[PDB]
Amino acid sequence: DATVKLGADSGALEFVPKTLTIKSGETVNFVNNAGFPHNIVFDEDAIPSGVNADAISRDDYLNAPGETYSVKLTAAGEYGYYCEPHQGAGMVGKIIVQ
């Protein structure tokens, strides 16, 4: 399993790390950190074949420090995702599943 912080400790509107590599079957824990609210929306155009973007996204906002969203990914490939309220500020990331 791995952790991605939503917002840097400094307040920067970024996923930390921006590009994460995990093995198939690991759970990714998105932890609310700074600059919230944030959400985690996977991009339909940038996920492996057969994966449902809606099913793995967290649309509803994370509002409190430490609030966590966990999701297990199994299909190998790349998964592009973003935070809706901060997509314009460049809050986008990627998960590479091996």
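Note that residue numbering begins at 1 and tracks the sequence as displayed.
The PDB entry records a higher mean C-alpha B factor for 85 to 93 than for its counterpart among 85 to 93 and 5 to 13.
Taking the PDB entry at face value, the top CA B factor among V41, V51, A46, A64 belongs to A64.
Ranked by C-alpha B-factor against the other modelled residues of its chain, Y69 falls in the middle third. Per the deposited record, the Cα B-factor of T27 falls in the highest third when ranked against the other modelled residues of its chain.
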